[PDB]
Amino acid sequence: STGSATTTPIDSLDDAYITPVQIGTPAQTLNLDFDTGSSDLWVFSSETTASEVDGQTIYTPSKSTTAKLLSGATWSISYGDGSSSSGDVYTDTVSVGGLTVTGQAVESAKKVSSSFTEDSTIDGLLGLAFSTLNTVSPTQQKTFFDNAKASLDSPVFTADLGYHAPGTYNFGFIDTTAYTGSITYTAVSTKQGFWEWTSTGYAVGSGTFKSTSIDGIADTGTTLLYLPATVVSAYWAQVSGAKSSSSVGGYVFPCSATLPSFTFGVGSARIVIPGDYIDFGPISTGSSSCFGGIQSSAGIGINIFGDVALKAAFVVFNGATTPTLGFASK
């Protein structure tokens, strides 16, 4: 089997991407944030504290003839911005782009933090990291991909995120029309539960390539590109007037700037992030200071190849017995 679903930016800055997901019988369609940096599929629901719901579409398990309470199971998860959610668990039928999994753990939110409430466009998360990170207790649950894998034509999914435009998540096949040149594959460590890999270096604009190992994670659920302070300083030094602002929380730059590209290495191959992809717009409405899309990972504890990087590539998440990651230009 295979599946194919369009993923769409939630706003004009590509702050996140939503993908429609069918849950239950009859189908209830929710728009979920596919997150290769976590391993829980959770949704706003009829159980979510009413004051914490503001415009999201909810899953109502009592209206699904295939929903079953997973007795005794609870979940609780936190994210990189300090947001969090928690609740109980149902199993139900879940379909993505025509690919159906029966008995999928659907984590129903009883509580969500303010940032989730405040974002009416995201109805929940669908985790695509390794199932060892799943937070359901006392019996850990499998991700949608893990459950689907045996049925797939090939044990892979691909992320093809758009810049200010829709893109595609495919399951079970590689669309050879969706990229240019060849796909370069690179080793993955699953030791921390992430799609963790090592970039071979970087270049800023038309500058020379610096060969240096950068360990990080391929994370569709993180908006920006977080890299070591040395690398980030080298990038922003090429933008007149750019500076790190403790008050804003990162590098900012004059909105009048033309940003240089940023290249990262995948083995001997190179992925070029155009400068425009690194512009996240005014820090507040009407400001002439703009927020940068490349930020320091110092104090995060890990480097993160988030959407800024991934949307410049066609990315293969290869879930074979020994997982790997593939990157192609597009």
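Residues numbered from 1 in each chain as written, not as in the entry; some residues may be left out. Heavy atoms only, no water. Residues with missing side-chain atoms left out of burial classes, pairs and counts.

Draft legend 1. Looking closely at the state of the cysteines. Throughout the structure, instances matching the rule amount to one disulfide. Paired through a disulfide, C255 and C290 show a sulfur-sulfur distance of 2.0 Å. One disulfide, between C255 and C290, carries an S-S torsion of 110 degrees and so falls in the right-handed class. In this pair, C255 sits in the loop between β16 (250–254) and β17 (262–266) while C290 sits in strand β20 (residues 289–292), placing the two residues 35 residues apart along the sequence. (Disulfide = S-S within 2.5 Å. Helix = DSSP H or I, 4+ residues; strand = E, 2+ residues; numbered from the N terminus.)

Draft legend 2. Representation of the sheet that holds strand β18 (residues 269–273) within the structure. Read from one edge of the open sheet, seven strands run β18-β17-β12-β13-β22-β14-β21, paired in mixed fashion. Two strands close off the open sheet at either side, each with one partner strand: β18 and β21 (294–296). Strand-to-strand, the axes of this sheet are offset by a mean angle of 45 degrees, without reference to chain direction. Against the sheet, helix α3 (residues 229–236) contacts β12 (196–204), β13 (210–218), β14 (225–227), β17 and β21, and its axis sits at roughly 140 degrees relative to β21. (Pairing = 2+ DSSP bridges. Axes fitted to C-alpha atoms, helices over the stretch in contact; angles between N-to-C directions. Contact = heavy atoms within 4.5 Å.)

Draft legend 3. Fine view of the UniProt feature "active site" in the chain. The sites that UniProt annotates as "active site" are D35 and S199. One can find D35 in strand β3 (residues 28–35). On the basis of relative accessibility, which here comes to 5%, the residue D35 falls in the buried class. Once residues within four sequence positions are removed from consideration, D35 is found in contact with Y79, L125, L126, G127, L128, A129, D219, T220 and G221. Tracing the backbone shows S199 in strand β12. A relative accessible area of 1% means that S199 is categorised as buried. A polar contact is formed between the side chain of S199 and the backbone oxygen of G201, at a distance of 3.4 Å. (UniProt positions renumbered as here; feature names shortened; annotations may be inferred. Buried < 20%, exposed > 50% of the residue type's maximum accessible area, 1.4 Å probe, protein only. Polar contact = N/O pair within 3.5 Å; in protein donor to acceptor, adjacent residues only side chain to side chain.)

Draft legend 4. Quick peek at unusual backbone geometry. The peptide bond linking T25 to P26 adopts the cis configuration, its omega dihedral lying at -10 degrees. Along the chain, the position of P26 falls in the loop between β2 (17–23) and β3. Backbone torsion omega between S137 and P138 reads 5 degrees, so that peptide bond is classified as cis. By the element assignment, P138 lies in the loop between β8 (124–127) and α2 (144–148). Its identity is not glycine, yet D14 carries a phi of approximately 60 degrees, on the positive side. When you line up the elements, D14 lands in the loop between β1 (3–9) and β2. Even without a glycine there, the phi angle at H164 is positive, about 50 degrees.

Draft legend 5. Fine view of the domain arrangement of the chain. Each domain of the chain was delimited in the assignment, giving domain 1 (5–174) and domain 2 (175–330). Between domain 1 and domain 2, the contact holds 30 residues from the first and 33 residues from the second. At the level of elements, β3, β9 (156–160) and β10 (167–171) are the ones that each hand at least two residues to the side of domain 1 that touches domain 2. Split into classes, the residues belonging to the side of domain 1 that touches domain 2 amount to 18 nonpolar, six polar and six charged. (Domains from an automatic or database assignment. Nonpolar A, V, L, I, M, F, W, Y, C, P; charged D, E, K, R; others polar.)

Draft legend 6. The arrangement of the environment of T135 in detail. By the element assignment, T135 lies in the loop between β8 and α2. Other than its neighbours up to four places away in sequence, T135 contacts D40, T74, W75, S76, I77 and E107. Only 2.7 Å separates the side chain of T135 from the side chain of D40, close enough to count as a polar contact. Only 3.3 Å separates the side chain of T135 from the backbone nitrogen of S76, close enough to count as a polar contact.

Draft legend 7. Looking closely at the sheet that holds strand β19 (residues 279–282). Spatially, the four strands line up as an open sheet ordered β15-β16-β20-β19, and their pairing is antiparallel. With partners counted over all chains shown, the strands left at the sheet margins are β15 (243–245) and β19, one partner each. Neighbouring strand axes in the sheet, compared pairwise and without regard to direction, differ in orientation by 40 degrees on average. Here β19 runs beside β20; their pairing, made up of two bridges, is antiparallel. Each bridged residue has a counterpart across the sheet, and for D279 the counterpart in β20 is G292.

Draft legend 8. Quick peek at the environment of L99. Residue position: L99 is located in strand β7 (residues 99–112). According to the relative accessible area criterion, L99 is buried, its value standing at 2%. Along the primary structure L99 and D11 are separated by 88 residues, whereas in three dimensions their C-alpha atoms are 27 Å apart. Ignoring sequence-local partners within four residues, the contact set of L99 consists of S1, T2, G3, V94, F144, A148, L152 and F171.

Draft legend 9. Region of interest: the nonpolar core. Ranked by size, the top nonpolar core spans 68 residues in total, and within it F171, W236, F262, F264, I273 and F327 carry the most contacts. At four residues, the largest contribution of residues to this core is made by α3. Built from parts of two domains, this core gets at least three residues from each of domain 1 (5–174) and domain 2 (175–330). Apart from residues lying up to four places away in sequence, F264 is in contact with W197, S199, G201, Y202, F209, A269, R270, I271, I273, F305, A309 and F327. Judged by nonpolar contacts, the second largest core, of 16 residues, contains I77, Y79, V89 and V136. (Core = buried A, V, L, I, M, F, W, Y, C linked by side-chain atoms within 4.5 Å.)

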